[PDB]
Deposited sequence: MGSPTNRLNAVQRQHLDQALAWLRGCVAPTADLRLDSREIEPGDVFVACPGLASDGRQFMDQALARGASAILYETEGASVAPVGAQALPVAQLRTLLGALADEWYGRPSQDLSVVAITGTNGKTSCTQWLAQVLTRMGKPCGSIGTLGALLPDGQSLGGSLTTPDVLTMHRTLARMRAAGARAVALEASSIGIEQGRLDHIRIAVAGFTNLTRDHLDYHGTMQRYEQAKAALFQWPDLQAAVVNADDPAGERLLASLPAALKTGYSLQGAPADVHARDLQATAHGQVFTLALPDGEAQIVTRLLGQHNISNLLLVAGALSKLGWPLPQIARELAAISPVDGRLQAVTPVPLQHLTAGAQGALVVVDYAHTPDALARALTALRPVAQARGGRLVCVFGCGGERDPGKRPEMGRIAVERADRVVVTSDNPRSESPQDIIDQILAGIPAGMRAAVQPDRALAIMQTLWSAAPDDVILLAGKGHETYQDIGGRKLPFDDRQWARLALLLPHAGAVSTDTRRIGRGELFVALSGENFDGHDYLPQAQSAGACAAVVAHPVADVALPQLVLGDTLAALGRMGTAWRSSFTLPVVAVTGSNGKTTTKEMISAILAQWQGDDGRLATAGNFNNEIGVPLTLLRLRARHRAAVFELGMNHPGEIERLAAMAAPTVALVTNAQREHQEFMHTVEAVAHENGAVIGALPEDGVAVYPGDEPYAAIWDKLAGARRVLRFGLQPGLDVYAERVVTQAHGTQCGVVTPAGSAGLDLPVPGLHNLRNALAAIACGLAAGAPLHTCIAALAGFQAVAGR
């Protein structure tokens, strides 16, 4: 609020300036906060005890003190103290003169409003710099130079302008506020253009009246006012035509208009109409509020003298603000539209979905909303958001969103309670799984909204903020269906494969990203970025945990018999026998089997990621070293047939009974219609019998009366001949591998082959022909 100093105040100012100019360096900064004083600065003390600050400024090297003479019960004994009458009222002029009148040489654009200060000031700074007038910005993100380097009371304002000018800035866009204008944060700033974004049942009048007083300030060239807002319309009506530029999205008579706004599959198309012509603009920004902001930017630029083709061209190239209906850009591959928004309240979610519907219509696809609600926050939003999502989106997936210390399922159940009877939402509590599964089942024309986190890069689970970025997971989901193979070993990684940078052992896989790049990897999953490596990096945090979720999600996209093999001994031999059966049953190309020793928390998800549409049956070997591994691996593999080969007691965690329960967990992962296969002639069958519950059970062994057992056993040095008795019939078997343990492995394979759907004759033929 530039106060016009009368002749006496100007004289008083000149006295203060002449004194300051005589006793401190021309580079001295004027500071009001004694804590920020650096040697050579001037402390301006305008306070009930000034001494706790005046002494500090002197202790910190202040070269002079300006103090107000009305009411001060502080003054140091004998320093460079200057009494200044009305010091508070002169600070703007003092700062303006001390820093060489920085606003006199800058085109200062001050933008105010509720939802356009940050966007408009930054886009103006971006566009003007690209148009050849280097423009700095001041606002929520700090004071930035035209080149983006990061650098507020009235002295700081003038000081910041001075630094920008010294760095070559010729214009400054700054966020203004009604409070700032009233409180005097802008005093003696020469404002060239003031922009108004917007001004609801309240006292709008004081805000408008406060702002209109602003427009009878000196050196204003133009006022850019939103004509779509009722308060804005009244302000425009009161301003002389020469100063006012109105903009309107909805067709109110204004100088600047957007017409024919149409959402496209990747953005919006509208005709920008300025007094001096019209131009079609194709932009990737989503939402009418973003269009309104461009009109403010366009109006300011048009009144500042920039021609329409250049305005249209530059406005057309603006990038969406992170986390505000930001479209996720897929990883470029040499050979669905996913949108992320910080919609974590009911109203915000509704607006985002409303904003995305015309885009979905332009694409001919469904609007899919993936969202969760935070725990230990406002429970009242959870049912409401469920209703909004299902009322306004075509498909809704409810997932966890920073559940913190609450149970994720309880939050989901509360959300679902708000979804009207007859509408359904899918539930996937693991947000990473929700993203991958939703994106992989979506048609290319669908619009998927990942709502909630926006710019947030963590998930808070149980008090730990774990790295999680909706954008990175969407990028992974878009890449993975097209990647050749997933590899964790740079010695073996091929062209077009995804490299997983594992952290562990002796040599942290992150150190080998240049090699992966040289080997032609298509992307790398990494825990943290790495500078100067051009290989696209998907930052997914814990790469081992990410890999498990990747494997789990990929497995969930296929419906086929899956044999999970676990046990103390014979897993690999049995798995190979089962693999032989599947090859005999479905063909070599229709089967997937664990290769080598890929049976741990790394190998198993890597094997899962090899599943393709051609496979018709799969066998996975599951290995264990620590408690909980079988549960984790079996849950990941989601088997339809679970085999326990045997229970034999290493005491890392020690009884055979304890081993039976751990290995038995694969049976716990079976669906209701799954088949449990375990040895029936061992003393511990009861543990596995109970765990199997009501599921179909095939018990195998050497005792008559089991479901799959051998009779007439003839063991020779090189193999075993026997009659095999199964529920599907009886057949002779010449098993070309010696030993009773191998015969048991063969019986397990027959039981698993039969449970998976292979005909008995196929099982026998495969095993009769089996090679070690």
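- Residues 1-3, 51-53, 158-163, 212-217, 354-360, 675, 680, 800-803 of the deposited sequence, counted from 1, carry no C-alpha coordinates in the model.
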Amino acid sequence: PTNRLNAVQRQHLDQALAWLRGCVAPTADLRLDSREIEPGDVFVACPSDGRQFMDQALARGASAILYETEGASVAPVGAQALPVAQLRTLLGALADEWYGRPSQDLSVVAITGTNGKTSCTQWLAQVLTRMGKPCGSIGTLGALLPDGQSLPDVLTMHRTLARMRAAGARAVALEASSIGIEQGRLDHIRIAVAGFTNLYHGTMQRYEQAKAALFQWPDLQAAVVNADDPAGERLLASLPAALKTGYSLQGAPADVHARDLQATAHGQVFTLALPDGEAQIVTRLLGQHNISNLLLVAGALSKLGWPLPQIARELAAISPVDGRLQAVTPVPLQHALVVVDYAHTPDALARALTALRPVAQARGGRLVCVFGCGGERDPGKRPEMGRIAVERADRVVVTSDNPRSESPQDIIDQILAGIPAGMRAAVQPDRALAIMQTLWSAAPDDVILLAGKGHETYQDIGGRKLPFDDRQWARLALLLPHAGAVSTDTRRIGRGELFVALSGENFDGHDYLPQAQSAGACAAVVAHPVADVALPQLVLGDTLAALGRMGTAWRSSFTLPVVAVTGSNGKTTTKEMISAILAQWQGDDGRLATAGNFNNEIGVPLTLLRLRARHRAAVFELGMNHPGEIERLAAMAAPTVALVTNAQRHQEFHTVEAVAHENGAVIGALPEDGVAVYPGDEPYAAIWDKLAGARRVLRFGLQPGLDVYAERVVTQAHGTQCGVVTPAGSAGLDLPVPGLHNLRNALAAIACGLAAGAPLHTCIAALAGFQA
From here on, numbers count along this sequence of modelled residues.
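- Taking only CA atoms, the mean B-factor in the PDB entry is higher for 527-535 than for the other of 527-535 and 586-594.
- Here 518-526 and 231-239 are compared by their mean Cα B-factor, and 518-526 comes out higher.
- As recorded in the entry, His510 carries the highest CA temperature factor of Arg612, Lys465, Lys571, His510.
- The top Cα temperature factor in the record, among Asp401, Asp430, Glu175, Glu629, falls on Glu629.
- Per-chain ranking of the deposited C-alpha B factor places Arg495 in the highest third.
- Residue-level temperature factors show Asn742 in the middle third of its chain, judged at the C-alpha atom.
- Sort the chain's modelled residues by C-alpha temperature factor and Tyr207 lands in the highest third, per the entry.
- Per-chain ranking of the deposited C-alpha B factor places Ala25 in the highest third.
- For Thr197, the recorded CA B-factor ranks within the lowest third of the chain. Only modelled residues enter the ranking.
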